[PDB]
Every structure is written in C-alpha cells, then in structure tokens.
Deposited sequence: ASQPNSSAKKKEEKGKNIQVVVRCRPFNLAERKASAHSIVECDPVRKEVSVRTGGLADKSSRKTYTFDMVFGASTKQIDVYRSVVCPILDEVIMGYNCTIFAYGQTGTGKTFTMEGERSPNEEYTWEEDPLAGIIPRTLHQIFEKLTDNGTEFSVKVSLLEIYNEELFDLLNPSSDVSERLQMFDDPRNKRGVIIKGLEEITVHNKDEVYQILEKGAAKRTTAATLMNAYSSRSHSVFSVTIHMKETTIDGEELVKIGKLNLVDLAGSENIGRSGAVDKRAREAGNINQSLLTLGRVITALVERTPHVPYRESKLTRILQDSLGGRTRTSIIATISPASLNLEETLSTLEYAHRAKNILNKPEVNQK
C-alpha cells in the first residue's frame, strides 16, 4: 500500500572534477537500484533493491511531478487526503525534490523554472486546474516545522520564528492534533504564491541563525488545503475538501532527533504487524499519524547519492525505504 520511489542525484561538481566512481546504478525500467558494496568495476559484490519506481541522475523535476505528484494531486482534488515524504541523507536532494530551486541569472519566472520542485509546481497546477473547470474553490497553506521536538510556523508574517506553537490532542476527532496558533494562509490567486514562499524562505533564514544545523535537523510540513464547492453543468454542487501534506524530513544521517527515531520505530511496528505503534512518542508521528497506517494515501521518495563515500548511508536509506513498501493504509 504505501508507495516508495527512489531518486538518485548526479555527482556534484565536487565529485565531478574529483573524477570519482559511482557505486550506485539506477534502472528505471527495472524499478531497481543496485549498490556496489565491494570493489573493482571488473568484479564486484553488490546490493540490489526493488521499488515502485526509481529515477536516475538524468531525471528532471517535471519528470518527477508528472510521474508521482500529478496522480496524488488528482486524488486530493477528489476530496481525499494525501502525503508525500522526502527521506534520506543530507545533501542528496530532499529539498531539491520538494521545493526545487531557481535557475540562475533571473532566466525564468517562478512558474516556468525547470528547477522548481514539488511544492511550487503543485500550487501552480491547483489554480491551473480548478480555475478552468467550473468550481468555486479555496486554497489554504501551512508550513509547520519541527526542530528539537519544538513546533514552529514559518509562514506567519506577524510572529517571529522564536515563538513555538503548542500541540494538544483534538477532543473531537481522536488521533488528531490541534496546533494552537498555526496560521493558515489563504492563497487568493496563482500570482500570489511566490510571495507566500519568499516569506517562508526568509523566515527559515532567521530560524537558521537561531538554531544549529537547522536546515538539516528540522522536519518541515508544507500543507495545502483545498475547499471546492464544485457545480458541474448539471448544477450539482459537490462540496469537496482535499488536503495534501508535503514533508521534507530531517537528514537520516547519524544530538538525537526524537521524531526521526520515532518515525522508523513507527514504521517497524506497522510492517512487523505489532499491535502498539508509537505514534505519540514524537511530534512528527502524532501530527502525521494518519499518513502512517491511517486513511491518508502516502508515498515516500528516498534520496541517495551515487558517491562511494556515502555507501553506509545509502544502504541505510535503501533498506529503510524498502521495508516501508510493506506498510498498508488507506
């Protein structure tokens, strides 16, 4: 049930000029990734895994979006709940994947940059889709980040990143949480997106001066909520609410990250079919507990490096990603 894809990034200019050796080969037609744990490219021992989809170094953002996100966006628009996670070591591409970057020299606008990642392609698509069709809809967004088991709002322009939100259980619906103070921002039109993100990109900067290795050690939850009051030609007014959470996890490398530790432990309990799952043992797992064995539809995108220095981290990721394939939800 939980879909897992592996994205492998190309050798960085640091490993480019250093003219090194790939220990990872990604076969998109075989949905398989293979790591060389031994030696010699003439004779080598290897480790091989199979996923739902693998994308090699030559994969572009649009490729990823078209293949994995687009189908999740369609389910969300229908009124369902979906979740996407980016898992993996630091410096392998979790952020390039969920956010993407800007092509240099102001070459493109935000909506056409080949480098844009999931989050911005999605926000744009939403408008591009519902706007056409005859629907009254509304988009809300939230960016909730976890650093050291403390909760932060990176979108609220009124309060600074030094003020942590509180989390309490939701008396109404069980297994839900209430985040006191989280700002939900309404995005009135496409040409109103980029600023919302620029503010986020700004506030995360101060968050970095305030907390060590923030960008590595924090988990961000980008949530977009769609309220659609559709009315097809028939004049049928369907009231749909779709929610999508885009999660860029802290770096899987190895103080302690209670949520990352709790995530893996939660995954274990679900694959090992154990009755007790430690959702409550971290903020991340309690917040997104429905994405993990609940009724949300979830995908994981693990990110790895071709580099041989990363061997250990790559097998740790490939492996962690592999077992999750066994989590069944919806």
Coverage holes, deposited numbering, ordered by position, sit at 1 to 16, 271 to 285, 362 to 367
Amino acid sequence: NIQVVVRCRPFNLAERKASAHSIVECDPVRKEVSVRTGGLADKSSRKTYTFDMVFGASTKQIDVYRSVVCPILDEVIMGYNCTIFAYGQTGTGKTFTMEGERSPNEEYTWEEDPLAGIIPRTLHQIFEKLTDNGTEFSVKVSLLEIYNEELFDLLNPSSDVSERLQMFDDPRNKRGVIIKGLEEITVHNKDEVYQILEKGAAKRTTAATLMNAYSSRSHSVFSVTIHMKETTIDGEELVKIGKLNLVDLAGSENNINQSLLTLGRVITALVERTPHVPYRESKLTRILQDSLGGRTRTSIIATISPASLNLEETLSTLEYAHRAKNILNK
From here on, numbers count along this sequence of modelled residues.
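We call the rigid core the largest set of C-alpha positions that still match within 1.5 Å between the two forms.
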Out of 136 to 144 and 116 to 124, which shows the greater rigid core-aligned C-alpha deviation in 7 other deposited structures of this protein? 116 to 124
So which moves more in 7 other deposited structures of this protein by CA, 310 to 318 or 19 to 27, given a superposition on the core? 19 to 27
How about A41: is it missing from at least a third of the other entries compared? yes
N255 dropped in a third or more of the other entries: yes
When mean C-alpha B-factors in the record are compared for 88 to 96 and 74 to 82, the larger belongs to 74 to 82
Taking the mean of the C-alpha B-factors per stretch from the entry, tell me the winner out of 277 to 285 and 45 to 53. 45 to 53
Say you rank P114, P120, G134, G251 by Cα B-factor from the PDB entry; which sits at the top? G134
Residue with highest C-alpha B-factor in the PDB entry, from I146, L130, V177, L143: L130
By its CA B factor, does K325 count among the lowest, middle or highest third of the modelled residues in the chain? middle
Relative to the other modelled residues of the same chain, rank the CA B-factor of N310 and answer lowest, middle or highest third. middle
Tertile call for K190 (CA temperature factor, within chain, third-based) is the highest
Quick tally, chain-level thirds of C-alpha B-factors: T262 sits in the lowest
Once the chain's modelled residues are ordered by C-alpha B factor and cut into thirds, is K229 in the lowest, middle or highest one? highest
